[PDB]
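> Fold the following and give me the result.
(one chain, ligands or ions: 1)
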Amino acid sequence: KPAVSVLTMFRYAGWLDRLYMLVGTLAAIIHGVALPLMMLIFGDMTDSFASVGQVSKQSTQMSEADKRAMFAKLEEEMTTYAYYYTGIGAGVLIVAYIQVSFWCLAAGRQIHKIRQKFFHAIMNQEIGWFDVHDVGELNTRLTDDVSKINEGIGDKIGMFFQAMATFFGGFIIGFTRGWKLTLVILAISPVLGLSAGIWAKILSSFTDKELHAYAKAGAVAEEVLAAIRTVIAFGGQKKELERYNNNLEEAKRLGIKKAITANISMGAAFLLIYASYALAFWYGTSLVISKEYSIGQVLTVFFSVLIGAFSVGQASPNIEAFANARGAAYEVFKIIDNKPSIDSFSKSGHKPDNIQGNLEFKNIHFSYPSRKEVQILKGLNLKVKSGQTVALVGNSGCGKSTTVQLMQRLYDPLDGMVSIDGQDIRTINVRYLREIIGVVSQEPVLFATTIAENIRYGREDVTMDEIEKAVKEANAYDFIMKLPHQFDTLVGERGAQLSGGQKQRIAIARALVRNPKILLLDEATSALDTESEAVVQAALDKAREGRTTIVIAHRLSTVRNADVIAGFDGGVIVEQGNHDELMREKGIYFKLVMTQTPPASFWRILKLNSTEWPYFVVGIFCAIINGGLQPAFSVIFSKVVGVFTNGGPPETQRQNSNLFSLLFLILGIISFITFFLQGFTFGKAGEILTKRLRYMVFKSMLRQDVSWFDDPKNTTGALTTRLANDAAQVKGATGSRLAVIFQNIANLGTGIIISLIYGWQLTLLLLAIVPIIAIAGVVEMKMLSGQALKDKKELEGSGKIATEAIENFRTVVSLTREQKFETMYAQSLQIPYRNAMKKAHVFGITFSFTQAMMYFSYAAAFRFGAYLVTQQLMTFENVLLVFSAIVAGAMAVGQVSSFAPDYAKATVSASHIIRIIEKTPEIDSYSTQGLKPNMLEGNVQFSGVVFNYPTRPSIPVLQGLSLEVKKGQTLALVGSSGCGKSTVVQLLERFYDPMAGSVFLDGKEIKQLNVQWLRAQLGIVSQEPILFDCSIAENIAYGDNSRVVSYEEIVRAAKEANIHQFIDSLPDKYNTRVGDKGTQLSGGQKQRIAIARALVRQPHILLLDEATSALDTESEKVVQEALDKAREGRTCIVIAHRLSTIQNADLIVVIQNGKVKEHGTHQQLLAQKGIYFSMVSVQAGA
Ligand SMILES: Brc1ccc(Oc2c(Br)cc(Br)cc2Br)c(Br)c1
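Residues are numbered from 1 along each chain as shown. Take a look at the structure below.
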């Protein structure tokens, strides 16, 4: 919404840049004007053949007499028109180079200045300006927004003026050559603008319906693939597939309806557009029979107007490119034009010599940019005598850290003054002030260069001697010399990450080359290891003694030797003095001392598509007919002008043009019929395989075991995405792109034959010219993409050192050295600058060539079409036919290169979709094999079980686990932590087979048992029960599948679960909908329902996995009261964390490092004193 003045945007264009754009836009207008003139000559060539075509047939008496005056007229006329033609091609060759080169030249020159001025402006802002902004968005604003500006001031403006030239020039030649046909052509324009306006309303409203249609199926997939362990445990994998298959069945019905209506729309609009033209052209014929327009003049206006009409559309993108570049330049120039109060680039203010360093802070009130919300310094008073070292102490707020901020004048104070020596800080030059102030901050930062360079960031003029004495005076010399490569080592976020106490020591050495008169040490010892803290602290004490120093830390070790100590309370300075006096005061300081003491040939995807042997042959045969039918419109147009030029006697003409215009309309409707058929067949053929694919994928997805769903690669979102994308993509490859790719090869094929058998060698010539201008058009785009990737790689190096400069900014400005990053950025940009100059010459050459190759190609079409061809007993009516046939057949092959990525993007989406079906699990619930024992009573034997999780085979959970539990008794499961308590329940559900050892139930190893039948006897209840969106009766009936559960049966379980108070209280009762779609209830009710579905199954085994995890107050007392009643009649395993509710258990087992450690009844483990006694004691006392 915000934008920029047009002149301010070009403020960096001066002298030559203003000229380049002028010559550029000039040649751009010359370029545009060239085309409607080229079509104007196409009319004069018609009248030459028409004056001879009428007189050649007017004879029927003399033959050799027509070999003289006709051929002479043709000789003088065709050589004239061909000479003019060769002239236009040389013109476009020059102006197209001038057009693109000059504009790209002005673009590159300015963006170089923009980028330099922009980065210079970024470094000029004061710190308060950064505290209110996002540096990441700013740096992306530096590289992205400058690109948008370049796109708008580049050759796009030349294209814009070239287009308006065609538009004006087309309608000038239109109006002058004929004021009637133009008004007629404009009269049908609203119909064309109205038919394509039905497209913007149908697409935008139906693209939502499909994104709404699958959103109903993808919601099933989401709540399924999120609750996968629950459907796996309850075996609803046939139902959850059925529901998805039922929503897939609706999405395909809405997809064929959209296929019916959209193909009805596309054909009807195409028929309206082609009927609109043919009326304007048949109207053209109605004015030649009246001797008011020449048959060649009808063409000149009909082409020039339609050319200029579409030139409007071909200019609209360049308008948006310029406008976006304006609005992109707003926030950029706003930074360049913003002027600071602090500067630091300013050459102003005093530079005191012999600074003795007597600092004082006077009545300083301050607040950081969070402004009226907080005021961190309510008044202040502090002097620090020269040579002395004052220490600032404080409980919190870190108003301590604020004085160092003000002392460098990173901010100016709200009220009061900071005075270095006797002068106010604001009277001294900002840069010189920061140069007489050395800073060592808590988190030290080193830039990605050599140590000597990072030390060189203290002072640019320095020799390895001073670097050596600096690091040796910080006792940082001993440890870097042992490091390889000496001073030439590397540091940064990338490479050679060092110890913190060593980085701080380089920072002290960096600040030491500064030889500052003032020193500020902010928590430089804080947050550092204890051993190296002394190594650095010795350098700090050796860094002072020559300077006046303010130091802030929470280490009361460094503070004793300070000549003065200062305490803060609420931004108010409270206590000050030597260490002993503060202890005698027994105030804030004394208080704190005591406290601290693969693209491949995939045919099988088409073999699945072979489910429909028809519907394809219908469309292909229909598309090839439509292919063969398109050039027949060019044949008609050829003979509507052909018989009109080859007329002779004029009486028969008027009756013939009516017959032709009639047949064309019969051919257009027969094209509409074959277009609605080739679009509906492919549409319905691609919609059913979308169901088959999403069905077979979602089926195979439910086949995999919990091992697969645990993968970080496969999350519920990444699976639904993989589920939607791959299925839609393969529909496109077998969809419209194929029907079109066959219609077009049929369109060229049926066009090439007609042209070949008519004009001999005429076609053989055009087939030499067209593939070259097409390849030359392709190679230009390859060079275009090559130049694009290269410059992206080069400015990336510049923006990389821009990222470093602005992300670590508050440090660089503390060290000054901002001019350094400017020059580095300038040198980095100097390569893309000289690159951008060559770009203009390249872009201009390629564009001018592809334009010249099209115009010279046109000259070859007629100079050969006349002369050698028409000096033969030939037919001009054929030369026009081969032009339209071949050129349109070629431009229809131009659609092959556009649908090429639709094939690759689909094969890649097919690559994953064929493997996701074929991948097989280790535990497949689908296998019907397995024993299915007949004996009811349930035991469980864990024997020597070692288990590791396939995602994390590092820390083991189960090592040699061994349990046993008889029928009808409760096995309590206590654990120090982790899923060692929970993995038991997962292995019994056989979510995994154990690595070593085995687990039996009735004595049969579950590994040889039937996987589904096994889980069918298990009453799993977990921490967070997930309930799908449906009737609670259904969430309950989910406990028993392969059979519909009775109402009184799901009542009995709801009675059992003590949830009946809700189920009757509701208005809908058992038919109420749950799942945060229809209704919402608290967790206690959700769990009771999960208990109900658990025992709707009537299992012989309950599995209560911390069932009271998330619960509170009376809700726990009522849920535990339901679980306690659900067991005692069944085999049970309870890992619940309530050991008070575990007291009445038949056997309590303590898990330790995967081994069983203690086990026995409650009082038995209470008699022993150890882990279980400690577990019961710790949470009964607390
Ligand atoms: Br009659 C007649 C035939 C083709 C005409 O232009 C074309 C041409 Br040329 C090709 C195709 Br496809 C469709 C149309 Br409409 C005109 Br205008 C009038």
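> how about the nearest residue to residue 1096, chain neighbours excluded?
By the measure of CB to CB, 6 or more residues apart in numbering, the closest residue to residue 1096 outside its immediate chain neighbours is residue 1039, 3.5 Å from it. (C-beta placed from N, C-alpha, C; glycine too.)
> sec struct for the one you found, please.
Using DSSP: H, G, I helix; E, B strand; the rest coil, the three-state assignment for residue 1039 comes out as coil.
> change the start of the numbering to 547 and stick with it
Okay, residue one is now 547; in that scheme the one you just asked about reads as residue 1585.
> List the contacts of it.
Taking CB atoms under 8 Å, 6 or more residues apart in numbering, we find residue 1585 in contact with 780, 1591, 1599, 1638, 1639, 1640, 1641, 1642, 1643.
> Would you check how far apart residue 1444 and the ligand are?
18 Å (CB to the nearest ligand atom, to the nearest Å).
> and that residue, which of the three is it?
Under the three-state scheme (three-state DSSP), residue 1444 adopts coil.
> cool, and residue 1040?
Counting by three-state DSSP, the backbone at residue 1040 sits in coil.
> who touches it in this structure?
Counting by CB under 8 Å, 6+ apart, the residues that residue 1040 touches are residue 994.
> how about the residues of the stretch 1047-1196 of the chain near the ligand?
Contact residues, the stretch 1047-1196 of the chain versus the ligand (CB under 6 Å from any ligand atom): 1176, 1179, 1180, 1182, 1183, 1186.
> What segments of the stretch 1497-1646 of the chain are strands?
Taking DSSP state E, counting those that start in this stretch as the criterion, the stretch 1497-1646 of the chain contains strands spanning 1504-1511, 1516-1521, 1542-1546, 1564-1567, 1576-1577, 1619-1620.
> Distance to the ligand and mean neighbour count added to those strands, as a markdown table?
Written out in a markdown table, the entries for the strands of the stretch 1497-1646 of the chain read as follows (distance: least, CB to the nearest ligand atom, whole Å; neighbours: other CB atoms under 10 Å):
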| stretch | distance to the ligand | mean neighbour count |
| --- | --- | --- |
| strand 1504-1511 | 73 | 19 |
| strand 1516-1521 | 77 | 24 |
| strand 1542-1546 | 73 | 17 |
| strand 1564-1567 | 67 | 24 |
| strand 1576-1577 | 55 | 17 |
| strand 1619-1620 | 56 | 18 |
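> hmm, back to that, closest to the ligand out of the contacts of residue 1585?
Sorting the contacts of residue 1585 by how near they are to the ligand, with CB to the nearest ligand atom, puts residue 780 at the top with 60.7 Å.
> Can you identify the element that follows the longest helix belonging to the chain toward the C-terminus?
Residue-count comparison of every helix in the chain, with assignments taken from DSSP state H, identifies helix 615-670 as the longest. Read in the C-terminal direction, the helix or strand following helix 615-670 is helix 673-676, with elements assigned using DSSP states H and E.
> would you put the C-alpha positions of stretch 1666-1674 in CSV?
Written as CSV, here are the backbone C-alpha positions of stretch 1666-1674 (Å, rounded to 0.1, in the frame of the first residue of the first chain):
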residue,chain,number,x,y,z
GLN,A,1666,-9.6,-44.5,39.9
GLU,A,1667,-12.9,-45.7,41.4
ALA,A,1668,-13.9,-46.9,37.9
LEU,A,1669,-10.5,-48.5,37.1
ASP,A,1670,-10.4,-50.3,40.5
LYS,A,1671,-13.8,-51.8,39.6
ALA,A,1672,-12.7,-52.7,36.0
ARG,A,1673,-9.8,-54.9,37.3
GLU,A,1674,-10.1,-57.7,40.0
